[PDB]
4 protein chains.
Amino acid sequence: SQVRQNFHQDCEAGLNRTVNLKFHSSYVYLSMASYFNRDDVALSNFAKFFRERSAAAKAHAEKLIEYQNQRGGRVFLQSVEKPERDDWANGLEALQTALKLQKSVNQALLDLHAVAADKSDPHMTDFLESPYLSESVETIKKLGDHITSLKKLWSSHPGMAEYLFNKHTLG
Amino acid sequence: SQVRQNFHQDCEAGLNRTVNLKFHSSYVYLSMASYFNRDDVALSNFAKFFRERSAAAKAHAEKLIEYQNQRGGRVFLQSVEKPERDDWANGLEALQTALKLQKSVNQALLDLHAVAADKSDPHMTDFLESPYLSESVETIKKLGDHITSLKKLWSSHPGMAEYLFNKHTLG
Amino acid sequence: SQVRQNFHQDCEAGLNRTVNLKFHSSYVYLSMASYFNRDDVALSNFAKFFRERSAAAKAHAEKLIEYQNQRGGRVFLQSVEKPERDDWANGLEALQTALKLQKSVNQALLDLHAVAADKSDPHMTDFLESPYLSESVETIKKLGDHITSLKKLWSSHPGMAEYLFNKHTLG
Amino acid sequence: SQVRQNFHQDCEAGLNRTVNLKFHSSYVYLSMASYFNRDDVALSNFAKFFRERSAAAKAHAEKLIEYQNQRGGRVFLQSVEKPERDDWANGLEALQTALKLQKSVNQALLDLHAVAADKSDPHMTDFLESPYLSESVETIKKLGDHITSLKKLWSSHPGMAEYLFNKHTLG
């Protein structure tokens with residue numbers, strides 16, 4: 001590539017692994033959004049919340065693909081594995097699964113950053129920091145706050161907890 | 001009728017039965033709306049909800065009457081039977097009665113569609129599909145969602161369940 | 001499902017197969033869009049065109065998932081297979097691959113329609129017709145027109161053909 | 001300097017070398033812009049393109065001079081060497097010369113970044129990353145895309161290639 005400069009193979013490969021990871025997350029959230037729209041779950045604002053997370057993860061995957069092209073790397077897409085579950089039990093469990101998902105995606109981004117740093121690629125570390133690393137920690141804080149608030153309500157009544165939270169926090 | 005063309009007697013008769021069915025539904029919802037406005041029930045948004053369903057069913061009956069005229073059939077109106085109850089117990093029971101009502105009306109519309117299809121009347125099947133069959137399934141999904149949400153609250157406290165739902169969902 | 005009515009298992013299953021098919025198409029177009037953004041291909045309007053097709057297929061998959069929920073079926077997501085190629089050769093070949101892709105997706109939709117018809121589900125046949133079947137034939141006609149125009153230019157000079165078409169037709 | 005803090009001599013010197021490099025680039029592009037305005041070349045949009053690159057490089061040199069003052073360093077200006085050529089042959093050759101020029105300027109910026117990093121100067125690495133390193137890679141990608149598009153047309157007819165590109169891409 002006539003454009004390629006100071007772009008290491010390990011950074012190119014790591015970038016391709018990270019887009020698959022982002023697509024996988026998006027698919028997971030899509031599953032959650034669809035689950036909450038079921039007539040027997042009926043929590044429209046939980047669904048909306050996960051639909052937004054799904055869209056955000058997908059956009060991230062797309063921007064990482066664009067970055068690959070801009071640096072002169074070659075995009076290699078892999079199959080996207082289905083979510084681990086089709087039934088997400090309830091709103092608290094879905095929220096907790098999302099926190100763990102976001103934390104593992106954050107770790108992958110941290111690891112990718114470390115490779116760019118080790119390879120002395122200031123352009124990539126800069127790109128990874130804003131907005132990827134920053135959106136990650138914000139989302140993690142928001143999910144953590146949400147889990148705390150829902151847990152407090154859960155202790156009183158789970159039926160009412162989900163209904164109230166869906167309305168006052170997610171709405 | 002100089003206008004009549006490819007309009008079978010069975011479709012004409014079925015159409016007349018369906019308008020009575022629509023008027024009967026409207027009357028049922030009117031009864032529900034009035035019940036929720038009682039000083040000892042006092043759930044103004046439940047009443048409003050059933051008042052809208054009543055108006056929608058009535059409009060449907062009117063449009064079916066117009067369709068009969070447009071195709072050259074003759075309208076025959078029958079007496080409208082009163083609702084089965086004057087007292088609807090509570091908000092959950094009223095909602096459940098409505099789901100069953102909507103499902104039987106949906107079935108009648110499906111049966112009517114099948115007769116039009118069997119008689120090779122593409123104009124009538126098309127007319128029945130949009131908006132009749134489509135509004136039917138949307139209403140059924142909404143009522144199902146509503147019953148799920150109210151049932152969750154019911155498990156905690158029925159008194160509070162109705163008050164909250166009337167305010168946050170129906171309002 | 002309290003909402004389910006006149007919804008056959010075969011229609012429910014077919015719907016789940018079709019969303020995977022739609023997601024697979026979207027992924028294919030994403031691959032094409034990314035390929036055209038490579039510094040050694042550089043046909044920004046071809047990329048834009050495939051990016052739009054990708055977004056359209058994804059939206060379709062999402063609406064089919066919503067339909068499943070509305071009828072009371074249960075969504076089961078499967079893994080999304082990667083595109084068959086990472087390198088798409090050129091603009092004419094990418095266009096020809098898309099026509100074949102659209103035609104097979106159209107066939108799957110026709111087959112699904114036939115199952116709904118056989119099961120006497122007027123709601124589903126109606127839903128499949130507009131906008132799914134209609135967007136399909138429009139896209140197929142547009143792709144066919146595009147292939148004809150590009151082929152005419154190709155016969156003179158492929159280098160210039162892509163550059164001109166990218167600018168005057170896709171731009 | 002009462003203002004100087006955590007500003008190493010090597011970073012101060014490197015900054016002065018980089019402004020000369022930026023001024024030299026600007027001068028090179030000025031030469032290219034003037035060449036394309038010759039009555040015997042007459043490619044007004046190629047000239048405009050190089051005129052913009054010239055202005056951008058000059059602005060960069062000016063901002064680096066300001067940075068030197070802000071950190072308490074002392075600006076030392078050196079003579080600006082003339083471009084290596086007065087005649088740039090054609091549009092493809094000028095474009096290729098620019099890619100190589102941008103890549104060497106990018107390397108100098110990467111080297112400067114590495115010195116700041118080694119000296120533990122987070123303010124300077126941050127300043128170098130945005131917008132210097134980022135504009136560099138964007139320009140390199142754009143020049144690469146341009147060379148690809150022009151090369152495709154060149155294979156058919158160089159006379160027409162320049163005329164079309166000057167109009168459809170650079171215009």
Side-chain angles (χ1 to χ4, degrees), chain A residues 1-5 7 12 15-16 19-20 22-24 26-44 47-48 50-51 54-55 57-59 61-88, chain C residues 1-5 7 12 15-16 19-20 22-24 26-44 47-48 50-51 54-55 57-59 61-88:
Chain A
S1 179
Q2 62 191 341
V3 151
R4 195 178 184 127
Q5 185 176 24
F7 195 42
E12 173 178 17
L15 206 43
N16 280 328
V19 335
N20 192 258
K22 277 299 188 176
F23 276 137
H24 182 66
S26 190
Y27 210 21
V28 174
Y29 290 125
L30 178 73
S31 181
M32 284 177 191
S34 309
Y35 172 81
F36 287 104
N37 268 336
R38 283 168 55 164
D39 72 274
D40 57 332
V41 182
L43 292 167
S44 65
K48 185 194 67 182
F50 291 126
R51 201 170 297 282
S54 186
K58 173 208 59 180
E62 296 182 331
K63 270 82 275 185
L64 296 168
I65 283 174
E66 289 175 45
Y67 184 75
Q68 185 74 284
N69 273 334
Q70 191 200 53
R71 293 294 303 279
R74 293 305 171 232
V75 180
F76 283 100
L77 297 176
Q78 305 168 251
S79 296
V80 186
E81 179 67 43
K82 62 196 275 288
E84 302 64 37
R85 305 209 277 164
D86 280 288
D87 189 287
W88 300 98
Chain C
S1 179
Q2 62 191 341
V3 151
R4 195 178 184 127
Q5 185 176 24
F7 195 42
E12 173 178 17
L15 206 43
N16 280 328
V19 335
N20 192 258
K22 277 299 188 176
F23 276 137
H24 182 66
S26 190
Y27 210 21
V28 174
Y29 290 125
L30 178 73
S31 181
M32 284 177 191
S34 309
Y35 172 81
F36 287 104
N37 268 336
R38 283 168 55 164
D39 72 274
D40 57 332
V41 182
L43 292 167
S44 65
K48 185 194 67 182
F50 291 126
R51 201 170 297 282
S54 186
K58 173 208 59 180
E62 296 182 331
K63 270 82 275 185
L64 296 168
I65 283 174
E66 289 175 45
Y67 184 75
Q68 185 74 284
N69 273 334
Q70 191 200 53
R71 293 294 303 279
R74 293 305 171 232
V75 180
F76 283 100
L77 297 176
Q78 305 168 251
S79 296
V80 186
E81 179 67 43
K82 62 196 275 288
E84 302 64 37
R85 305 209 277 164
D86 280 288
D87 189 287
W88 300 98

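In what follows, chains carry the letters A, B, and so on, assigned in the order in which the sequence lines appear, proteins first and then strands, with residues in each chain numbered from 1.
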**Report entry** Electrostatic pair C:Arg74-A:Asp40, nearest N-O below 4.0 angstrom
**Finding:** yes
Query raised in the report: Side chain, backbone, both or neither: which part of A:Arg4 has a heavy atom under 4.5 Å from chain C?
Result: neither
Query raised in the report: Has the side chain of A:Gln68 got a donor or acceptor atom that lies under 3.5 Å from a matching backbone atom of A:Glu12?
Result: yes
Query raised in the report: Is chain A contacted by the side chain of C:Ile65, its backbone, both, or neither, given a heavy-atom distance below 4.5 Å?
Result: side chain
Query raised in the report: Side chain, backbone, both or neither: which part of C:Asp86 has an atom under 4.5 Å from a heavy atom of chain A?
Result: side chain
Query raised in the report: How would you list, by chain and number, every residue that makes a side chain to side chain donor-acceptor pair (under 3.5 Å) with C:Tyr35, sequence neighbours excluded?
Result: none
Report task. Go through the atoms of C:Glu81 and report whether side chain, backbone, both or neither lie under 4.5 Å from a heavy atom of chain A. Result -> both
Query raised in the report: Between the main-chain N or O of C:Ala59 and the side-chain N or O of C:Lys63, is there a donor-acceptor pair closer than 3.5 Å?
Result: yes
**Report entry** Top contributor to chain C contacts, counting heavy-atom pairs under 4.5 Å, from A:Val75, A:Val3, A:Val80, A:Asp87
**Finding:** A:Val80
Requested in this report: First locate atom CZ of A:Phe76, then atom OG of C:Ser31, and finally report the distance between them rounded to the nearest 0.5 Å.
Outcome: 10.0 Å
Report task. Go through the atoms of C:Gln70 and report whether side chain, backbone, both or neither lie under 4.5 Å from a heavy atom of chain A. Result -> neither
Query - Residue list, ring-ring contact (aromatic ring centres under 6.0 Å, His included) with C:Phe36, at least two apart or on another chain - result: C:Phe46, C:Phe50
Report task. Could you look at C:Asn20 and say if it's the side chain, the backbone, both or neither that has a heavy atom under 4.5 Å from chain A? Result -> side chain
